[PDB]
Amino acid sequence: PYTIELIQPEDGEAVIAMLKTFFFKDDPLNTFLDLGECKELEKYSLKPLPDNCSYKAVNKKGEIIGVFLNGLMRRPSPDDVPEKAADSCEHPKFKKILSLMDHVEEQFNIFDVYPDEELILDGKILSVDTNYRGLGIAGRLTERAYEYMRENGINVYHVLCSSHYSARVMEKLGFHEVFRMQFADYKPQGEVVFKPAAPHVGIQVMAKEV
């Protein structure tokens, strides 16, 4: 028995406490790097909350057992000056993750796929408490976003997945791949950076039109 609720500003600390327990330690890239204390990821996670489209799964006792943090993304302006997220980061491990994200964006722009769309929903952080996994909570979090999308005329939900494991979950939920890159092929300075276990494979950007 759990509820799916909009994350409020006063929920920030509780969301961060939950993420520190699970996501910071068990996202495949975070665990590969042994991220440790990372105020940069805390900042990254809190950023989308004021967009009012992030959701928490809450058990009967009132504890957060899952979150899907989402933000609105807008088509780059005609006069856009693109920035690398990695430039303003002092945490060497998180900088590797941000550099990977920057690289993906250099190679693939979701807005090229959907020329008529100005605003797309971006699924930024998805995490479920270990003891509540395999119960469909990820799907129920995701489905709550469809409500927001309907209410606001948003057609596309975009989710960068850090492993084939999570991409498979999104596939089950009706998303399809729009871009992929193997970790073995990511060599920004000529050498492999990420070498997690073979089943992870690489990143996949997943999309659904709702």
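The first residue of the shown sequence is 1; numbering continues from there.
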query: Segment of higher mean CA temperature factor, 92-100 or 118-126; finding: 92-100
query: Stretch with the greater mean C-alpha B-factor as recorded in the entry, comparing 185-193 against 13-21; finding: 185-193
query: Selection by C-alpha B-factor (highest) of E147, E63, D26, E171; finding: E147
query: Among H176, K39, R180, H158 - the residue whose C-alpha B-factor is largest in the record; finding: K39
query: Chain-relative CA temperature factor third for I137; finding: lowest
query: Third of chain Cα B-factors occupied by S54; finding: lowest
query: Chain third (lowest, middle, highest) by recorded CA B-factor, residue given as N30; finding: lowest
query: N109 - which third its CA temperature factor falls in, relative to the rest of the chain; finding: middle
query: Chain-wide C-alpha B factor ranking for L69, given as lowest, middle or highest third; finding: lowest
